[PDB]
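Note: the block below is data34.cif and it holds mmCIF, N, CA and C atoms and all ligand atoms.
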```cif
data_data
#
loop_
_atom_site.label_atom_id
_atom_site.label_comp_id
_atom_site.auth_asym_id
_atom_site.auth_seq_id
_atom_site.Cartn_x
_atom_site.Cartn_y
_atom_site.Cartn_z
N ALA A 1 -1.88 -46.49 25.41
CA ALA A 1 -1.78 -45.87 24.06
C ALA A 1 -1.32 -44.41 24.16
N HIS A 2 -0.53 -43.97 23.18
CA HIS A 2 -0.01 -42.60 23.16
C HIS A 2 0.53 -42.21 21.77
N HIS A 3 0.74 -40.91 21.56
CA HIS A 3 1.25 -40.39 20.28
C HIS A 3 1.53 -38.88 20.36
N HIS A 4 2.39 -38.39 19.47
CA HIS A 4 2.74 -36.96 19.44
C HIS A 4 3.36 -36.54 18.10
N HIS A 5 3.42 -35.22 17.86
CA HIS A 5 3.97 -34.66 16.61
C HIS A 5 3.91 -33.13 16.64
N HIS A 6 4.66 -32.46 15.74
CA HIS A 6 4.67 -30.99 15.69
C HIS A 6 5.36 -30.45 14.42
N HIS A 7 5.07 -29.18 14.08
CA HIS A 7 5.66 -28.53 12.89
C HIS A 7 5.78 -27.01 13.10
N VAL A 8 6.00 -26.25 12.01
CA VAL A 8 6.14 -24.79 12.10
C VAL A 8 5.92 -24.10 10.74
N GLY A 9 5.73 -22.76 10.76
CA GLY A 9 5.51 -22.01 9.53
C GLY A 9 6.41 -20.78 9.42
N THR A 10 5.88 -19.69 8.84
CA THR A 10 6.60 -18.42 8.66
C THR A 10 6.03 -17.63 7.47
N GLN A 11 5.37 -16.51 7.78
CA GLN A 11 4.77 -15.63 6.75
C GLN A 11 5.80 -15.15 5.72
N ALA A 12 5.30 -14.55 4.63
CA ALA A 12 6.16 -14.04 3.55
C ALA A 12 6.15 -12.51 3.48
N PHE A 13 4.95 -11.92 3.51
CA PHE A 13 4.79 -10.46 3.40
C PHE A 13 5.45 -9.70 4.56
N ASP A 14 5.52 -10.32 5.74
CA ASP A 14 6.11 -9.67 6.92
C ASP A 14 7.61 -9.42 6.73
N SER A 15 7.93 -8.40 5.95
CA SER A 15 9.33 -8.05 5.67
C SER A 15 9.51 -6.54 5.50
N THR A 16 10.71 -6.14 5.09
CA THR A 16 11.03 -4.73 4.86
C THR A 16 11.42 -4.53 3.39
N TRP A 17 10.49 -4.03 2.58
CA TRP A 17 10.76 -3.80 1.16
C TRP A 17 10.73 -2.31 0.83
N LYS A 18 11.79 -1.84 0.17
CA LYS A 18 11.92 -0.44 -0.23
C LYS A 18 11.60 -0.26 -1.71
N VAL A 19 11.15 0.93 -2.09
CA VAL A 19 10.82 1.21 -3.48
C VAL A 19 12.01 0.92 -4.37
N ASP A 20 11.88 -0.12 -5.16
CA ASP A 20 12.93 -0.51 -6.08
C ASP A 20 12.55 -0.14 -7.50
N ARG A 21 11.25 0.08 -7.73
CA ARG A 21 10.76 0.45 -9.05
C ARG A 21 9.25 0.70 -9.04
N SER A 22 8.75 1.19 -10.17
CA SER A 22 7.33 1.46 -10.33
C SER A 22 6.94 1.36 -11.80
N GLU A 23 5.64 1.32 -12.07
CA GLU A 23 5.15 1.21 -13.43
C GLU A 23 3.88 2.03 -13.63
N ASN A 24 3.92 2.92 -14.62
CA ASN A 24 2.78 3.78 -14.96
C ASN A 24 2.51 4.87 -13.91
N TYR A 25 3.35 4.95 -12.86
CA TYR A 25 3.17 5.96 -11.82
C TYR A 25 3.07 7.35 -12.43
N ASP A 26 3.86 7.57 -13.47
CA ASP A 26 3.90 8.85 -14.14
C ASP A 26 2.49 9.36 -14.49
N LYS A 27 1.68 8.49 -15.09
CA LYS A 27 0.31 8.85 -15.47
C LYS A 27 -0.56 9.10 -14.24
N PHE A 28 -0.34 8.32 -13.18
CA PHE A 28 -1.12 8.45 -11.95
C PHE A 28 -0.96 9.86 -11.35
N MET A 29 0.29 10.28 -11.14
CA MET A 29 0.55 11.61 -10.57
C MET A 29 0.13 12.71 -11.55
N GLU A 30 0.36 12.48 -12.84
CA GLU A 30 -0.01 13.46 -13.86
C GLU A 30 -1.53 13.61 -13.94
N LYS A 31 -2.25 12.50 -13.74
CA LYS A 31 -3.71 12.51 -13.78
C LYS A 31 -4.30 13.50 -12.77
N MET A 32 -3.91 13.34 -11.50
CA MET A 32 -4.40 14.22 -10.44
C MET A 32 -4.16 15.69 -10.79
N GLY A 33 -3.05 15.94 -11.49
CA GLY A 33 -2.69 17.30 -11.88
C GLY A 33 -1.57 17.87 -11.03
N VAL A 34 -0.66 17.00 -10.60
CA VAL A 34 0.46 17.40 -9.75
C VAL A 34 1.46 18.28 -10.50
N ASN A 35 2.05 19.24 -9.77
CA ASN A 35 3.03 20.17 -10.33
C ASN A 35 4.40 19.50 -10.47
N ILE A 36 5.19 19.98 -11.42
CA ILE A 36 6.53 19.45 -11.68
C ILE A 36 7.32 19.23 -10.39
N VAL A 37 7.29 20.22 -9.49
CA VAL A 37 8.01 20.14 -8.22
C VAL A 37 7.46 19.03 -7.33
N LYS A 38 6.13 18.95 -7.23
CA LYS A 38 5.48 17.93 -6.42
C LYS A 38 5.75 16.54 -6.99
N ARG A 39 5.87 16.46 -8.32
CA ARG A 39 6.15 15.19 -8.99
C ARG A 39 7.63 14.80 -8.86
N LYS A 40 8.48 15.77 -8.49
CA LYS A 40 9.91 15.52 -8.34
C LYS A 40 10.22 14.72 -7.08
N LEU A 41 9.72 15.16 -5.92
CA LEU A 41 9.98 14.45 -4.68
C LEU A 41 9.06 13.25 -4.48
N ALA A 42 7.81 13.38 -4.93
CA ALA A 42 6.85 12.28 -4.81
C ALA A 42 7.24 11.11 -5.71
N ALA A 43 8.18 11.35 -6.62
CA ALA A 43 8.67 10.31 -7.54
C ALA A 43 9.97 9.71 -7.02
N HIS A 44 10.80 10.55 -6.39
CA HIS A 44 12.08 10.12 -5.83
C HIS A 44 12.04 10.25 -4.30
N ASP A 45 10.90 9.90 -3.71
CA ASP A 45 10.70 9.98 -2.28
C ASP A 45 11.47 8.87 -1.54
N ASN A 46 11.69 7.74 -2.22
CA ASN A 46 12.40 6.61 -1.62
C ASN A 46 11.56 5.99 -0.51
N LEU A 47 10.33 5.64 -0.85
CA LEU A 47 9.39 5.05 0.09
C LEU A 47 9.90 3.72 0.66
N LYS A 48 10.21 3.73 1.96
CA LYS A 48 10.68 2.52 2.64
C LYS A 48 9.51 1.86 3.35
N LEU A 49 9.23 0.60 3.03
CA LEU A 49 8.09 -0.11 3.62
C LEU A 49 8.51 -1.27 4.52
N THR A 50 7.79 -1.40 5.63
CA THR A 50 8.00 -2.48 6.60
C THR A 50 6.65 -3.10 6.92
N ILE A 51 6.52 -4.39 6.63
CA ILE A 51 5.27 -5.10 6.83
C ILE A 51 5.28 -6.00 8.07
N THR A 52 4.26 -5.83 8.92
CA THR A 52 4.10 -6.64 10.14
C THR A 52 2.62 -6.78 10.49
N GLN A 53 2.15 -8.02 10.67
CA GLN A 53 0.74 -8.27 10.99
C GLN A 53 0.56 -9.23 12.16
N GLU A 54 -0.52 -9.01 12.91
CA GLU A 54 -0.87 -9.85 14.05
C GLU A 54 -2.37 -10.10 14.05
N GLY A 55 -2.79 -10.98 13.15
CA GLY A 55 -4.19 -11.32 13.03
C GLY A 55 -4.85 -10.66 11.85
N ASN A 56 -5.88 -9.89 12.14
CA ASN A 56 -6.63 -9.17 11.12
C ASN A 56 -6.31 -7.68 11.20
N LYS A 57 -5.18 -7.38 11.86
CA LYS A 57 -4.73 -6.00 12.01
C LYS A 57 -3.30 -5.88 11.52
N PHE A 58 -3.13 -5.15 10.43
CA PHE A 58 -1.82 -4.97 9.84
C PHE A 58 -1.26 -3.58 10.11
N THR A 59 0.04 -3.52 10.33
CA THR A 59 0.72 -2.26 10.58
C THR A 59 1.97 -2.16 9.72
N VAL A 60 2.03 -1.11 8.91
CA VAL A 60 3.15 -0.89 8.03
C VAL A 60 3.76 0.49 8.23
N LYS A 61 5.09 0.54 8.27
CA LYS A 61 5.81 1.80 8.46
C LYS A 61 6.36 2.29 7.12
N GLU A 62 5.98 3.51 6.75
CA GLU A 62 6.43 4.10 5.49
C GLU A 62 7.13 5.43 5.73
N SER A 63 8.26 5.63 5.07
CA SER A 63 9.03 6.87 5.21
C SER A 63 9.33 7.48 3.85
N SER A 64 9.29 8.81 3.78
CA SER A 64 9.55 9.53 2.54
C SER A 64 10.60 10.62 2.75
N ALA A 65 10.91 11.35 1.67
CA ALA A 65 11.91 12.42 1.73
C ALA A 65 11.45 13.62 2.57
N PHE A 66 10.14 13.87 2.63
CA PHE A 66 9.61 15.01 3.39
C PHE A 66 8.87 14.61 4.67
N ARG A 67 8.67 13.30 4.91
CA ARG A 67 7.98 12.85 6.13
C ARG A 67 7.97 11.32 6.25
N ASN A 68 7.25 10.81 7.26
CA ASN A 68 7.14 9.37 7.50
C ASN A 68 6.18 9.08 8.66
N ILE A 69 5.25 8.15 8.45
CA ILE A 69 4.28 7.79 9.49
C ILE A 69 3.95 6.30 9.49
N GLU A 70 3.33 5.85 10.59
CA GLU A 70 2.92 4.45 10.74
C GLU A 70 1.40 4.34 10.65
N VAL A 71 0.92 3.38 9.86
CA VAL A 71 -0.52 3.18 9.70
C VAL A 71 -0.95 1.80 10.18
N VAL A 72 -2.16 1.74 10.73
CA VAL A 72 -2.72 0.48 11.23
C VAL A 72 -4.16 0.31 10.75
N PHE A 73 -4.46 -0.84 10.15
CA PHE A 73 -5.79 -1.12 9.64
C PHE A 73 -6.31 -2.47 10.14
N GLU A 74 -7.57 -2.76 9.81
CA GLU A 74 -8.20 -4.02 10.18
C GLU A 74 -9.03 -4.53 9.01
N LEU A 75 -8.89 -5.81 8.68
CA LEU A 75 -9.63 -6.39 7.56
C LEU A 75 -11.13 -6.25 7.78
N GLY A 76 -11.75 -5.37 7.00
CA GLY A 76 -13.19 -5.15 7.09
C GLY A 76 -13.59 -4.04 8.05
N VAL A 77 -12.67 -3.11 8.34
CA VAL A 77 -12.97 -2.00 9.25
C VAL A 77 -12.75 -0.65 8.57
N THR A 78 -13.84 0.01 8.17
CA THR A 78 -13.75 1.30 7.49
C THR A 78 -13.38 2.42 8.47
N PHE A 79 -12.32 3.16 8.13
CA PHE A 79 -11.86 4.27 8.96
C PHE A 79 -11.48 5.47 8.09
N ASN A 80 -11.35 6.64 8.72
CA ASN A 80 -11.02 7.86 8.00
C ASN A 80 -9.51 8.12 7.97
N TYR A 81 -8.97 8.26 6.76
CA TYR A 81 -7.54 8.53 6.58
C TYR A 81 -7.34 9.93 6.00
N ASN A 82 -6.38 10.66 6.56
CA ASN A 82 -6.09 12.02 6.10
C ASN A 82 -4.84 12.06 5.23
N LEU A 83 -4.78 13.06 4.34
CA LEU A 83 -3.66 13.23 3.43
C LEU A 83 -2.69 14.30 3.94
N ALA A 84 -1.58 14.49 3.22
CA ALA A 84 -0.57 15.48 3.60
C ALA A 84 -1.14 16.91 3.58
N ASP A 85 -2.11 17.16 2.70
CA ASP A 85 -2.72 18.48 2.58
C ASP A 85 -3.90 18.66 3.54
N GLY A 86 -4.43 17.56 4.08
CA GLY A 86 -5.55 17.65 5.01
C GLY A 86 -6.81 16.93 4.54
N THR A 87 -6.84 16.51 3.26
CA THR A 87 -8.01 15.80 2.73
C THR A 87 -8.23 14.49 3.48
N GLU A 88 -9.48 14.18 3.79
CA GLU A 88 -9.82 12.96 4.51
C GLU A 88 -10.72 12.05 3.67
N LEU A 89 -10.26 10.82 3.44
CA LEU A 89 -11.02 9.85 2.66
C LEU A 89 -11.47 8.69 3.54
N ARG A 90 -12.58 8.06 3.17
CA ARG A 90 -13.10 6.92 3.92
C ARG A 90 -12.81 5.64 3.15
N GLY A 91 -11.86 4.85 3.65
CA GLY A 91 -11.51 3.62 2.97
C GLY A 91 -10.75 2.65 3.85
N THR A 92 -10.42 1.49 3.28
CA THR A 92 -9.68 0.43 3.98
C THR A 92 -9.45 -0.76 3.06
N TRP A 93 -8.99 -1.88 3.63
CA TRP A 93 -8.74 -3.09 2.86
C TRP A 93 -9.59 -4.26 3.36
N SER A 94 -9.89 -5.18 2.45
CA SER A 94 -10.70 -6.35 2.76
C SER A 94 -10.47 -7.44 1.72
N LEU A 95 -10.37 -8.69 2.18
CA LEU A 95 -10.15 -9.80 1.27
C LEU A 95 -11.45 -10.30 0.66
N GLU A 96 -11.35 -10.75 -0.58
CA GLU A 96 -12.48 -11.30 -1.32
C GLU A 96 -12.02 -12.50 -2.13
N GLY A 97 -12.73 -13.61 -1.99
CA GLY A 97 -12.36 -14.82 -2.71
C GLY A 97 -10.93 -15.22 -2.42
N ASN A 98 -10.08 -14.96 -3.38
CA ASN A 98 -8.65 -15.26 -3.27
C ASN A 98 -7.79 -14.03 -3.57
N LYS A 99 -8.35 -12.84 -3.34
CA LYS A 99 -7.62 -11.59 -3.60
C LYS A 99 -7.90 -10.54 -2.52
N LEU A 100 -6.99 -9.56 -2.39
CA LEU A 100 -7.15 -8.50 -1.39
C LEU A 100 -7.57 -7.19 -2.02
N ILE A 101 -8.66 -6.64 -1.50
CA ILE A 101 -9.23 -5.39 -1.98
C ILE A 101 -8.84 -4.19 -1.12
N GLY A 102 -8.56 -3.07 -1.80
CA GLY A 102 -8.22 -1.83 -1.14
C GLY A 102 -8.93 -0.68 -1.81
N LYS A 103 -9.85 -0.03 -1.09
CA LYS A 103 -10.62 1.06 -1.69
C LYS A 103 -10.72 2.28 -0.78
N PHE A 104 -10.58 3.45 -1.40
CA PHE A 104 -10.69 4.73 -0.69
C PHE A 104 -11.39 5.75 -1.59
N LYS A 105 -12.27 6.57 -1.01
CA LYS A 105 -13.01 7.56 -1.81
C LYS A 105 -12.86 8.99 -1.29
N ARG A 106 -12.64 9.93 -2.22
CA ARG A 106 -12.53 11.36 -1.88
C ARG A 106 -13.85 11.88 -1.30
N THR A 107 -13.76 12.93 -0.49
CA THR A 107 -14.95 13.55 0.10
C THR A 107 -15.54 14.61 -0.84
N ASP A 108 -14.70 15.12 -1.74
CA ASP A 108 -15.11 16.15 -2.69
C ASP A 108 -16.23 15.66 -3.61
N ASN A 109 -15.91 14.72 -4.50
CA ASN A 109 -16.90 14.18 -5.43
C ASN A 109 -17.09 12.67 -5.26
N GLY A 110 -16.35 12.05 -4.33
CA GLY A 110 -16.48 10.63 -4.11
C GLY A 110 -15.69 9.79 -5.10
N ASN A 111 -14.51 10.28 -5.51
CA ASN A 111 -13.68 9.54 -6.46
C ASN A 111 -13.29 8.20 -5.87
N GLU A 112 -13.74 7.13 -6.50
CA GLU A 112 -13.45 5.79 -6.02
C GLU A 112 -12.13 5.27 -6.56
N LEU A 113 -11.18 5.05 -5.66
CA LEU A 113 -9.88 4.51 -6.03
C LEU A 113 -9.84 3.05 -5.65
N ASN A 114 -9.20 2.25 -6.47
CA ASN A 114 -9.14 0.83 -6.21
C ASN A 114 -7.71 0.31 -6.25
N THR A 115 -7.33 -0.44 -5.22
CA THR A 115 -5.98 -0.98 -5.12
C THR A 115 -5.98 -2.44 -4.64
N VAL A 116 -5.15 -3.26 -5.27
CA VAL A 116 -5.03 -4.68 -4.92
C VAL A 116 -3.60 -5.02 -4.48
N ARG A 117 -3.46 -5.95 -3.52
CA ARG A 117 -2.13 -6.32 -3.02
C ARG A 117 -1.73 -7.74 -3.45
N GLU A 118 -0.52 -7.87 -4.03
CA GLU A 118 -0.03 -9.18 -4.46
C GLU A 118 1.50 -9.25 -4.41
N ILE A 119 2.05 -10.46 -4.54
CA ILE A 119 3.50 -10.65 -4.54
C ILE A 119 3.91 -11.58 -5.69
N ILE A 120 4.88 -11.13 -6.48
CA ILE A 120 5.37 -11.91 -7.61
C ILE A 120 6.83 -12.27 -7.42
N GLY A 121 7.14 -13.55 -7.58
CA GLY A 121 8.51 -14.01 -7.42
C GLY A 121 9.10 -13.63 -6.08
N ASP A 122 9.98 -12.65 -6.11
CA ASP A 122 10.65 -12.16 -4.91
C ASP A 122 10.50 -10.64 -4.77
N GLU A 123 9.42 -10.08 -5.32
CA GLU A 123 9.17 -8.64 -5.25
C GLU A 123 7.70 -8.37 -4.92
N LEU A 124 7.47 -7.50 -3.93
CA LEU A 124 6.12 -7.15 -3.51
C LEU A 124 5.52 -6.12 -4.45
N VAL A 125 4.22 -6.23 -4.69
CA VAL A 125 3.54 -5.31 -5.57
C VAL A 125 2.19 -4.86 -5.04
N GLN A 126 1.84 -3.63 -5.40
CA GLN A 126 0.57 -3.02 -5.04
C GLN A 126 0.04 -2.22 -6.24
N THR A 127 -1.13 -2.59 -6.73
CA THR A 127 -1.72 -1.91 -7.89
C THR A 127 -2.75 -0.88 -7.46
N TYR A 128 -2.80 0.24 -8.19
CA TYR A 128 -3.76 1.31 -7.91
C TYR A 128 -4.41 1.78 -9.20
N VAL A 129 -5.73 1.74 -9.21
CA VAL A 129 -6.50 2.17 -10.38
C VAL A 129 -7.18 3.52 -10.14
N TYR A 130 -6.96 4.47 -11.05
CA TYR A 130 -7.54 5.81 -10.95
C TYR A 130 -8.05 6.27 -12.32
N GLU A 131 -9.38 6.29 -12.47
CA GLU A 131 -10.03 6.72 -13.71
C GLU A 131 -9.56 5.90 -14.92
N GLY A 132 -9.56 4.58 -14.79
CA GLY A 132 -9.14 3.71 -15.89
C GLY A 132 -7.65 3.42 -15.90
N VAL A 133 -6.86 4.34 -15.35
CA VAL A 133 -5.41 4.18 -15.30
C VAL A 133 -5.01 3.28 -14.13
N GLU A 134 -4.34 2.17 -14.44
CA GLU A 134 -3.91 1.23 -13.42
C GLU A 134 -2.38 1.24 -13.29
N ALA A 135 -1.89 1.92 -12.26
CA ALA A 135 -0.46 2.02 -12.00
C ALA A 135 -0.08 1.24 -10.74
N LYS A 136 1.18 0.83 -10.65
CA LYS A 136 1.65 0.07 -9.48
C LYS A 136 3.11 0.36 -9.15
N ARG A 137 3.48 0.09 -7.90
CA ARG A 137 4.84 0.28 -7.41
C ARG A 137 5.40 -1.05 -6.93
N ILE A 138 6.62 -1.37 -7.36
CA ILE A 138 7.27 -2.62 -6.99
C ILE A 138 8.32 -2.37 -5.91
N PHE A 139 8.11 -2.96 -4.74
CA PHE A 139 9.04 -2.79 -3.62
C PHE A 139 9.86 -4.05 -3.39
N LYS A 140 11.18 -3.89 -3.34
CA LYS A 140 12.09 -5.02 -3.11
C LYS A 140 12.67 -4.92 -1.70
N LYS A 141 12.88 -6.08 -1.07
CA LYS A 141 13.43 -6.12 0.29
C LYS A 141 14.60 -5.16 0.43
N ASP A 142 14.67 -4.50 1.57
CA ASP A 142 15.73 -3.55 1.82
C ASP A 142 16.85 -4.20 2.63
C1 LIG B 201 4.02 16.03 -1.20
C2 LIG B 201 3.07 15.50 -2.25
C3 LIG B 201 1.78 14.92 -1.70
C4 LIG B 201 1.99 13.52 -1.12
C5 LIG B 201 1.27 12.46 -1.94
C6 LIG B 201 0.75 11.33 -1.06
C7 LIG B 201 1.03 9.97 -1.67
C8 LIG B 201 0.62 8.84 -0.75
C9 LIG B 201 1.24 9.05 0.64
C10 LIG B 201 0.39 8.84 1.90
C11 LIG B 201 -1.07 8.43 1.78
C12 LIG B 201 -1.17 6.92 1.61
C13 LIG B 201 -2.59 6.42 1.76
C14 LIG B 201 -2.67 4.91 1.62
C15 LIG B 201 -3.97 4.36 2.19
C16 LIG B 201 -3.79 2.95 2.72
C17 LIG B 201 -3.52 1.96 1.59
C18 LIG B 201 -2.76 0.73 2.06
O1 LIG B 201 -3.23 0.06 3.00
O2 LIG B 201 -1.69 0.43 1.48
#
```

Structure encoded using structure tokens:
Amino acid sequence: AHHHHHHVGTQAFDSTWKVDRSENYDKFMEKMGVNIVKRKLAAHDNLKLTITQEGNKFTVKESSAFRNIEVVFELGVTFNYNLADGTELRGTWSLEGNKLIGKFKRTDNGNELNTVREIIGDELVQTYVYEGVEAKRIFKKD
């Protein structure tokens, strides 16, 4: 007696999507209290994203008009992330039920930010909620 068989797959998110559009971002940056100049480049930064994962550890490369760095996280591993000005927040991402959670909190007053990751049709999306305001950026393959 004997038998055999085989198949194959291929992830979807593991791609290179660049900022093709955004929604409500204006209120998000305005909320924090960003200056006209800071809102000029942070709006037309041309964020280029590259998604690559190997297990429960994801690594994405992001580049902007004034800088660019690579970040690495782990599902369910809280770590300290620093900002361009030096602020350090304690946050990360973790899946729940059938959705992905992303939360980070300021050290000043503990402002809780909430972000979820999803994909619609042929465009990647990431939502961010700040004080009731829910803004998101739509990245299309580059
Ligand atoms: C020059 C103006 C100040 C720059 C504004 C910073 C805007 C965001 C840029 C870098 C910080 C990004 C922090 C994201 C945390 C991880 C979330 C994720 O896994 O997608």

Within 6.5 Å of ligand LIG 201 (chain B), which residues show up when you count all atoms listed in the file? List them as number ranges by chain, please.
A: 38, 42, 82-85, 92-93

What are the DSSP alpha helix (DSSP H) residues of range 2-141 of chain A, as a PyMOL selection string?
chain A and resi 25-32+36-41

Step by step, gather every atom of range 133-139 of chain A that the file lists, find the box along x, y and z that holds them, add 6 Å on each side, and finally give centre and edge lengths in Å to one decimal, as JSON.
```
{"center_x": 1.5, "center_y": 0.1, "center_z": -9.4, "size_x": 28.7, "size_y": 20.4, "size_z": 24.0}
```

Leaving out residue 13 in chain A and any residue of its chain fewer than 6 positions from it, which residues lie within 8 Å of it when counting all atoms listed in the file, given as a tab-separated table (two decimals) with N, CA and C atoms, in the frame of the given file?
```
chain	number	residue	atom	x	y	z
A	50	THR	N	7.79	-1.40	5.63
A	50	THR	CA	8.00	-2.48	6.60
A	50	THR	C	6.65	-3.10	6.92
A	51	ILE	N	6.52	-4.39	6.63
A	51	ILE	CA	5.27	-5.10	6.83
A	51	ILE	C	5.28	-6.00	8.07
A	52	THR	N	4.26	-5.83	8.92
A	52	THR	CA	4.10	-6.64	10.14
A	52	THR	C	2.62	-6.78	10.49
A	53	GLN	N	2.15	-8.02	10.67
A	53	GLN	CA	0.74	-8.27	10.99
A	53	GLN	C	0.56	-9.23	12.16
A	124	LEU	N	7.47	-7.50	-3.93
A	124	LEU	CA	6.12	-7.15	-3.51
A	124	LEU	C	5.52	-6.12	-4.45
```

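Atom C of residue 105 in chain A sits 5.7 Å away from atom N of residue 89 in chain A.
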
Counting only C-alpha atoms, what is within 12 Å of range 25-36 of chain A, bar same-chain residues fewer than 4 positions away, as number ranges by chain?
A: 21, 40-44, 111, 113, 126-138

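Between atom C of residue 48 in chain A and atom N of residue 103 in chain A the separation is 20.0 Å.
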
Considering only N, CA and C atoms, can you say which of A:115, A:46, A:24, A:87 comes closest to residue 66 in chain A?
A:46

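When only C-alpha atoms are used to measure the gap to residue 100 in chain A, the shortest distance among A:86, A:81, A:76, A:45 belongs to A:76.
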
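In this structure, atom C of residue 6 in chain A sits 23.5 Å away from atom N of residue 56 in chain A.
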
For residue 99 in chain A, find every residue with an atom within 9 Å (counting only C-alpha atoms), except residues of its own chain fewer than 3 positions away, and show them as a list in words.
residues 94, 95, 96, 116, 117 and 118 of chain A

When DSSP is applied to the backbone of this structure, which of chain A are assigned strand (DSSP E)? Write them out as a ChimeraX atom specification.
/A:16-23,48-53,57-63,68-74,79-82,88-96,99-105,112-120,123-130,133-141

In the coordinates of the file, take the point (4.0, 4.0, 7.3) and a cut-off of 7 Å; then, counting all atoms listed in the file, name each qualifying protein, DNA or RNA residue as a PyMOL selection string.
chain A and resi 49-50+59-63+68-71
